[PDB]
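Shown below, as structure tokens, is a lone chain in the form deposited in one PDB entry; questions about how it binds or moves come after it.
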């Protein structure tokens, strides 16, 4: 039934037939022995699933084991929201187990926190830390700052010239002009204080702005493009080298994120009664403080850590992020956390605990949050999509939930380490 190549190509270019009529082996035969290239399988074929299936068959014959894809599932998944948006050369999907850790008592509310992980004991441990938090009157958090950044590098012909652009940007008149250009690109675009830094005839300019409920990379980058266009009108010798000169900084470790913040800067806290630490966490307060100082402060310091003065906030950040359609690679900066434990109340037997996380890069609109399964997890928290009355509130709430769930996860791993657990039981 697989027709000759010259004939199949005619039915393809037929506007009232298309690949809908061609068989699987015929679409394959045209990719092989080049005619339809390979990447162009996306736009031609009838349904999205049949494109995934064809691409899987092509892929199977190139592999050293033909049936590698047998347990990689692809059927019945909604690919309409994925193609052209979230992923390319799609051959299926990867199911990541999702557990629940809660209720999380935070700001006089309750939250059932979804967490997608394959590390056993992670969700149970976090769930225990939530119960301890809940039995001690609950947690409270504050968003200290909010604004996604982009950190382009431009080049003037000399360091003195880039010193002049730095001085001009620092004047209130220069900032008003660059803020007009930036703010015109979108209704959420509101440029805050510019931070600049020189390295010879390079000039790194840190544009920061809130992005409503989106994480905001696409919004700040568009705002930055036009802003540097307006700056170029005043300084035509300027050469834009890159929209990112790693000064944002995005998806790399960097002290500037730790010190200036990026996206949402958050602080959570709680006071656990001496009873709850004993019963739920199987330790004392004196022991928790001892482990936290010498592990999370002194230990991190001996390791040469910048922004890693914590136990495992990266476990909780990553688990929520995958569950809620966040950019999981932004875990690199979003895990930044200092966990602090001290005595509280009369005997100095109650455990004070606070996690401060300067650079939670998060958003409840765009990216993976347009997909329905990760919209479901966002809906658990009540933060799905945009907030009309109070733009930004949903992404800020989710940032607060991340910091609170980190603190829950911190209480439980630190408690296990304090009561002598060396291995995953």
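Positions refer to the first chain, counted from 1.
Although it is not shown, the form solved in complex with a small molecule is what the next lines describe.
Heavy atoms within 4.5 Å of the small molecule in the deposited complex are found in one stretch of 105-113, 230-238, 194-202, 208-216, which is 208-216. Interface residue remark: residue 93 is not counted as part of the site for the small molecule in the deposited complex, having no heavy atom within 4.5 Å. Proximity of residue 51 to the small molecule in the deposited complex: non-hydrogen atoms within 4.5 Å are absent; the residue sits far from the partner.
Although the partner is absent here, residue 77 is not a contact residue: none of its heavy atoms lies within 4.5 angstroms of the small molecule in the deposited complex. Put simply, residue 58 is far from the small molecule in the deposited complex: not one heavy atom of it is within 4.5 Å.
Between the small molecule and the residues 258, 188, 352, 175, the one pair within 4.5 Å by heavy atoms in the deposited complex involves 188. With the partner omitted here, the residue from 69, 371, 365, 380 that has a non-hydrogen atom within 4.5 angstroms of the small molecule in the deposited complex is 365.
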